[PDB]
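Working notes, beginning with the structure itself.
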Amino acid sequence: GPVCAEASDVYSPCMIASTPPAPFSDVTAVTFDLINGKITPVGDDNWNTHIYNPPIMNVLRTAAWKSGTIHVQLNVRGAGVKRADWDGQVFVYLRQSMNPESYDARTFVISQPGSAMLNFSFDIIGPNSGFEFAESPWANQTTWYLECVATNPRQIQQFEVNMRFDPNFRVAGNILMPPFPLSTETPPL
Amino acid sequence: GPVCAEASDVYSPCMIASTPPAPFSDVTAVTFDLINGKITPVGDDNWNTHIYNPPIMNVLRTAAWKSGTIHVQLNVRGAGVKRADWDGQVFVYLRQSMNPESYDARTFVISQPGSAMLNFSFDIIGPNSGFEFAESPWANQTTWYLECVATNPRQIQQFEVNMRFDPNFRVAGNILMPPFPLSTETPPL
Amino acid sequence: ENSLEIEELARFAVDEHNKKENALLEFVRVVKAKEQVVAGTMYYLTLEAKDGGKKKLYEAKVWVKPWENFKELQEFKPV
Amino acid sequence: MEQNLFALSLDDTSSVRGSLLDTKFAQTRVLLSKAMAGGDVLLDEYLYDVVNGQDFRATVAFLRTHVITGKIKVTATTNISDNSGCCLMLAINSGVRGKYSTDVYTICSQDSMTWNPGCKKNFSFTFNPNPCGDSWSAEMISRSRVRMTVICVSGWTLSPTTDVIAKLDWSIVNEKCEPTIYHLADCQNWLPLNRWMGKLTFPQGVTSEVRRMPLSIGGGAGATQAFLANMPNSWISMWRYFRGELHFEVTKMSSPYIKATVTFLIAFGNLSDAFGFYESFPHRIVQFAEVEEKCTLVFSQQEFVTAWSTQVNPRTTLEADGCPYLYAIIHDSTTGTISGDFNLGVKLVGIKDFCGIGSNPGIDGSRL
Amino acid sequence: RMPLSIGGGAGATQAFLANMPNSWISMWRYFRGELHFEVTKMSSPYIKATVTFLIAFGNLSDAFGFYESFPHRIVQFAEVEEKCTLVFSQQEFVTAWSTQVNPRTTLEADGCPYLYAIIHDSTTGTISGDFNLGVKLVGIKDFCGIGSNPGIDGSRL
Amino acid sequence: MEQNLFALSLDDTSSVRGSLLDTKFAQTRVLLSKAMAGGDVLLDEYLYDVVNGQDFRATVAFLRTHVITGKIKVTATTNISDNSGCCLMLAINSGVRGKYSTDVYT
């Protein structure tokens, strides 16, 4: 900055996770299963989570075998907190598995006050002619999780994971999913 | 910024170094031997260091002769310190050798509050048909160190060195290493 | 060894053991089966059964005369 | 005499092959209840659990052959008197997630046969259980959790005297396993879908029966405060607008005794019922014989001016909805000596010369 | 059983050992190829045994008596012969499999292939002593490495 | 799609054939005692009772094929150190009568 680059593309919002309400001050985290569309908060912290249903998410949930790059944009709001009093940071971690033994594939570290953005990507690639069935016992294939940590949940209000397929993306096969409930984005007045 | 570029690749975390606990306020430093995977803190400062065992690190430790570019991502956390009270800075220095006579190959200088990231790269290149045996007396070959300085260790909690081979990377030959202990990343709740 | 026949014989083992010894083992599956031609066929089975909801392995010996409806549990024991 | 055992042909990695007798690997016994309803799971098990407790010629070859380059043929030898009829649908899906929907809509995508026992004595169809490669194995499909599902989409129009059974015969034929891979090219020559456009009930009588099925297919099919999803239907909703030659496959689900003649046409939602001039539009008449059960409507590029939207807002009425519908109109009247509705199942097989425009942000809902 | 998820070293105490080439193959996530083993006799010629080798998955128990349904290779050694090369072509593997697996996965739920070594008859001899036999994966022909391993940290499966 | 089921190849009266893997139909386990004598029956069963409790590639083909024009190969993979040796004899006879002699001669 101060002059920006140029964002261009259509990224659809998949998964929001609002942070637990007052007086909960302790450090906390959440995990977005990027492929299977699930949001498991750590411990017994009452995060307020929603999974929306844009076409990207419906494909990622129903498609069995997947291949190629998906671009993510993690947005962070944002409580109305005086800039000089801000001490909140956000550590994120891409992971293959959610087991203790597995390592991170990427770490990011953000301490921008109020709000932040974080574009990254990663290639789903798998054994079966370049395709990956997420979490299949076959070949011990695994997903991609996105562990995210709010060091100060009083100041960080919510995470938000937007996604987009690169044009190289390819799926095959169907999974029988249950009926998806109609959760809608409550836009801010 | 405010709109970011786009991180893409798989960087595996190699070496963490947490900073000495209270009341230790003085300026301090640490050195990551990037190739041989060792973490020597300066003086008698009790830093809390760990070397993890992703495939990159195991190759760098066992491979004798190496050639080509490795990309590093140095992440810095990050104590919960009010942004207007932050005075901590981070000087880093690539070096060939750790002797007083040798000069730096690169210096970076960061004073971003809370947290920071720093991507750079460097090419391992050596005498023996472009290959470098790290720290061999032959041809007085040398490693690459990464000296890092926390001016305020109360505010800087920890360093973290992630790494990735460029596709041009090449090794040859084996070294008999001792058994690597199983240290695992303690992920933050 | 036809796996369908062996599955039925393994269930018969657990059922006969339950009748004979007043037990309530819950059949899970066959692990191993040996057929040995004799006067009829003798079967040596290795199988999983739940005791108190706890999976355990058992050996069973089952004698069949295929020309009659004769099936006889000769022995049944944990391995 | 002695021989060198290392050099024998015991590492034979051939696929399973031969006649249909020597490639059969399982038979399965489905029970059809005397009084079964629509949307009724008859069988639902993993495709590998089919082969448990089996002793056919290729059963052990199937389990132990590491690679199989041939497809799986399944044939179903179920029959019933012409008097009655129903509609069964067998269908293979690459996996599951807990508490799943078994509505015909959800299932049909991917690989399926649909047949009416009343008309067709038997029905066979081949498929590849690994949809993104030339090969597969028994160990692949056991651990991948490939799921076979038989469903009754329309009940018996006249119930039989007793319960019925459908014998499925699982074999391995020797066709090449070709993969079906969806991708994000804007222009594609053939985008298969197998999208269940809907079951059309027409009651017996005299009234103007008209049924609209919207061609804004994307964004799933409805439920309670919920919606269902195939993959291919979710895939087409990646794009905002689209067009192409649409290849429907309309199928009889009632018995041959319930007779009716059906006009199909493309047209827009504003047209009311009791508008008596549907045959001004270009249309296609569909009479079924006793024996015929299946008929393919195609609608060329001349039926559509522009592309239309993949999804529409749920609250748009028929009055203000500018995407095309597929009308299905009774040309005469639904008749028969026996009581029962004239059921009819439409299935968008695929879009030829598909052209997908733009990039859908998405809508969230289903019907229009 | 010897697992073909070879990557991430071999075990020790709370530790693991590493070659370079084995650490190198674990750079990739999934892989495949013609595997060229080199099985060697380590006991004397007097201890005699016949050994079937085959690729198969972990679920198969011991006391499952139909291993020769799978494609396999028999290995008898003469007095003078000491070394024999098993090759397993591309038709033995459907897809690629993972280089590393989590240590806590049991044999029941582990979808990578193993290399079984099964005694075809019985271990015999006039003199006492075990029938030792050393298997060494020499190399992978037509190697195809997929993806990019974040890593796992452990060894055996 | 439908097909005429009467005209399929389900009345295939081929013999069993293929590689040695796909024609294997049973394996048998004979126990040789540490101290065995001469004139000592190790195994003695009907040739059809060999195939009971078996699950090899040609086991079901063998039982169900009405005619087999091929011979039966049997191979015996038993070994022992050159130091020792014995003499086994496997042998097939078209039938029996009660309380039979199992002398090598017979």
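So which residues in the stretch B:9-48 are within 26 Å of E:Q100 (Cα to Cα) and hydroxyl-bearing (S, T, Y)? So that I can check it myself, show each step before the final result.
To start, the set of residues in the stretch B:9-48 that are within 26 Å of E:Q100 (Cα to Cα) comprises B:9-16, B:34-38.
Of everything in the stretch B:9-48, those that are within 26 Å of E:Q100 (Cα to Cα) and hydroxyl-bearing (S, T, Y) turn out to be B:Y11, B:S12.
Listed conditions (1) within 14 Å of chain A (Cβ to nearest Cβ); (2) farther than 25 Å from D:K24 by Cβ; (3) buried (at least 16 other Cβ atoms within 10 Å of the Cβ) are all met by D:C187, apart from (3). Residues of the stretch D:281-335 that are touching a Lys or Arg at 6+ places or on another chain (Cβ under 7 Å) and more than 16 Å from D:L215 (Cα to Cα): D:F288, D:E293, D:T335.
For every residue, the table says whether it meets (1) touching a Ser or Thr at 6+ places or on another chain (Cβ under 7 Å); (2) under 21 Å from A:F133 (Cα atoms).
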| residue | (1), (2) |
| --- | --- |
| A:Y145 | yes, yes |
| A:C148 | no, no |
| A:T151 | no, no |
| A:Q155 | no, no |
| A:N162 | yes, no |
| A:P178 | yes, yes |
| A:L182 | no, no |
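Filter the stretch D:99-129 down to the residues that are facing another protein chain (nearest Cβ under 7 Å) and more than 22 Å from D:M197 (Cβ to Cβ) and list them by number. Passing the criteria: D:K99, D:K121, D:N122, D:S124. Residue-level check: of (1) among the acidic types (D, E); (2) surrounded by 18 or more Cβ atoms within 10 Å (Cβ to Cβ); (3) closer than 18 Å to D:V262 by Cβ, D:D364 misses just (3). Only strands (runs of 3 or more DSSP E) whose full extent lies in chain C are considered here, and the ones with at least 2 residues that are under 23 Å from F:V50 (Cβ atoms), within 14 Å of chain F (Cβ to nearest Cβ) and among the hydrophobic types (A, V, I, L, M, F, W, C) are C:26-38, C:40-50, C:55-65. Counting just the residues of the stretch E:87-98 that are outside any strand (DSSP E or B) and of a type in the set (A, V, I, L, M, F, W, C), which one comes out farthest from the other protein chains (Cβ to nearest Cβ)? Here the residue is E:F93. For the stretch D:112-123, the candidate set comprises residues that are outside any loop (DSSP other than H, G, I, E, B) and free of Cβ contacts under 8 Å to residues at least 60 places away in the same chain; within that set, the residue that is surrounded by the fewest Cβ atoms within 10 Å (Cβ to Cβ) is D:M113. Residues of the stretch F:32-54 that are in a loop (DSSP other than H, G, I, E, B) and either among the hydrophobic types (A, V, I, L, M, F, W, C) or within 23 Å of D:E2 (Cβ to Cβ) (or both): F:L32, F:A35, F:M36, F:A37, F:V41, F:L42, F:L43, F:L47.
Give the stretch D:231-256 a look and list any residue that's assigned to a loop (DSSP other than H, G, I, E, B), hydroxyl-bearing (S, T, Y) and in contact with a strand residue (DSSP E or B) (Cβ under 9 Å, 6 or more places away or on another chain), or say none.
Let us first name the residues in the stretch D:231-256 that are assigned to a loop (DSSP other than H, G, I, E, B), namely D:237-240, D:249, D:253-256.
From what's left, hydroxyl-bearing (S, T, Y): D:237, D:254-255.
Scanning the stretch D:231-256 gives a single hit, D:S254.
Within the stretch E:74-86, is there a residue that is closer than 23 Å to A:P137 by Cα and part of a loop (DSSP other than H, G, I, E, B)?
Filtering the stretch E:74-86 for residues closer than 23 Å to A:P137 by Cα gives none.
There is no residue in the stretch E:74-86 that is closer than 23 Å to A:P137 by Cα and part of a loop (DSSP other than H, G, I, E, B).
Restrict the check to the stretch D:44-52 and report whether at least one residue is in contact (Cβ under 8 Å) with a residue 40 or more places away in the chain, within 17 Å of the chain's Cα centre (by Cα) and either crowded, with 24+ Cβ neighbours inside 10 Å or at the interface with another protein chain (Cβ under 9 Å from one of its Cβ atoms) (or both). No: the stretch D:44-52 contains no residue that is in contact (Cβ under 8 Å) with a residue 40 or more places away in the chain, within 17 Å of the chain's Cα centre (by Cα) and either crowded, with 24+ Cβ neighbours inside 10 Å or at the interface with another protein chain (Cβ under 9 Å from one of its Cβ atoms) (or both). Within the set D:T157, D:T180, D:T161, the sole residue that is of a type in the set (V, I, T), over 18 Å from the mean Cα position of the chain (by Cα), surrounded by fewer than 23 Cβ atoms within 10 Å (Cβ to Cβ) and not in a strand (DSSP E or B) turns out to be D:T161.
The listed residues are F:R57, F:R29, and the only one of them that is surrounded by 14 or more Cβ atoms within 10 Å (Cβ to Cβ), part of a loop (DSSP other than H, G, I, E, B) and within 10 Å of another protein chain (Cβ to nearest Cβ) turns out to be F:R57.
From the list B:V76, B:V10, B:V90, which one is closer than 17 Å to A:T107 by Cβ, touching a residue at least 12 places away in the same chain (Cβ under 8 Å) and touching a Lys or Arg at 6+ places or on another chain (Cβ under 9 Å)? Matching residue, one of B:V76, B:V10, B:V90: B:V10.
The set of residues in the stretch E:18-42 being in contact with a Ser or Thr (Cβ under 9 Å, 6 or more places away or on another chain), more than 26 Å from D:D12 (Cβ to Cβ) and in contact (Cβ under 8 Å) with a residue 24 or more places away in the chain consists of E:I25, E:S26, E:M27, E:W28, E:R29, E:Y30.
The single residue among D:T201, D:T224, D:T251 that is without any contact (Cβ under 8 Å) to a residue 40 or more places away in the chain and β-branched (V, I, T) turns out to be D:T224. For the stretch D:189-236, which positions are over 19 Å from D:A307 (Cα atoms) and among the aromatic types (F, W, Y)? Hits for the stretch D:189-236 are D:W196, D:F202, D:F227.
Picking from residues in the stretch B:109-127 that are surrounded by fewer than 16 Cβ atoms within 10 Å (Cβ to Cβ) and more than 14 Å from chain A (Cβ to nearest Cβ), the one that is farthest from B:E6 (Cα to Cα) is B:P127. Just wondering, is there one or more residues in the stretch D:61-72 that are assigned to a loop (DSSP other than H, G, I, E, B), of a type in the set (S, T, N, Q) and closer than 30 Å to D:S255 by Cα? Checking the stretch D:61-72: not a single residue is assigned to a loop (DSSP other than H, G, I, E, B), of a type in the set (S, T, N, Q) and closer than 30 Å to D:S255 by Cα.
Among the residues of the stretch B:132-189, those that are surrounded by 14 or more Cβ atoms within 10 Å (Cβ to Cβ), within 14 Å of chain E (Cβ to nearest Cβ) and part of a loop (DSSP other than H, G, I, E, B) comprise B:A134, B:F169, B:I175, B:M177, B:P179, B:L182, B:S183, B:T184, B:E185, B:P187. Going by what's in this entry, would D:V173 be described as surrounded by 20 or more Cβ atoms within 10 Å (Cβ to Cβ), of a type in the set (A, V, I, L, M, F, W, C) and in contact (Cβ under 8 Å) with a residue 24 or more places away in the chain? Judged against the criteria, D:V173 is not a match. Take the stretch D:203-250 and flag every residue that is surrounded by 24 or more Cβ atoms within 10 Å (Cβ to Cβ), touching a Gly at 6+ places or on another chain (Cβ under 6 Å) and more than 12 Å from every other protein chain (Cβ to nearest Cβ). Once the filter is applied, which keeps residues that are surrounded by 24 or more Cβ atoms within 10 Å (Cβ to Cβ), touching a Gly at 6+ places or on another chain (Cβ under 6 Å) and more than 12 Å from every other protein chain (Cβ to nearest Cβ), the stretch D:203-250 yields only D:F242. Here E:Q76 clears all of (1) crowded, with 17+ Cβ neighbours inside 10 Å; (2) more than 17 Å from the chain's Cα centre (by Cα); (3) away from chain D (no Cβ under 13 Å) except the condition numbered (3). Listed conditions (1) of a type outside the set (A, V, I, L, M); (2) within 7 Å of another protein chain (Cβ to nearest Cβ); (3) within 30 Å of D:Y182 (Cβ to Cβ) are all met by A:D87, apart from (3).
May I ask you to list the residues in the stretch D:56-107 that are among the charged types (D, E, K, R) and touching a residue at least 12 places away in the same chain (Cβ under 8 Å)?
From the stretch D:56-107, those among the charged types (D, E, K, R) are D:57, D:64, D:71, D:73, D:82, D:97, D:99, D:103; that's our starting set.
D:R57, D:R64, D:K71, D:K73, D:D82, D:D103 - these are the residues of the stretch D:56-107 that are among the charged types (D, E, K, R) and touching a residue at least 12 places away in the same chain (Cβ under 8 Å).
Report yes if E:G7 is within 13 Å of chain B (Cβ to nearest Cβ), of a type outside the set (S, T, N, Q) and not in a helix (DSSP H, G or I), otherwise no. Yes: the conditions hold for E:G7.
Positions of Cβ are generated from backbone atoms using ideal geometry, with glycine treated the same way; all protein chains shown enter the neighbour counts. Each value in this text was obtained by applying a stated rule to the coordinates, not by laboratory testing.
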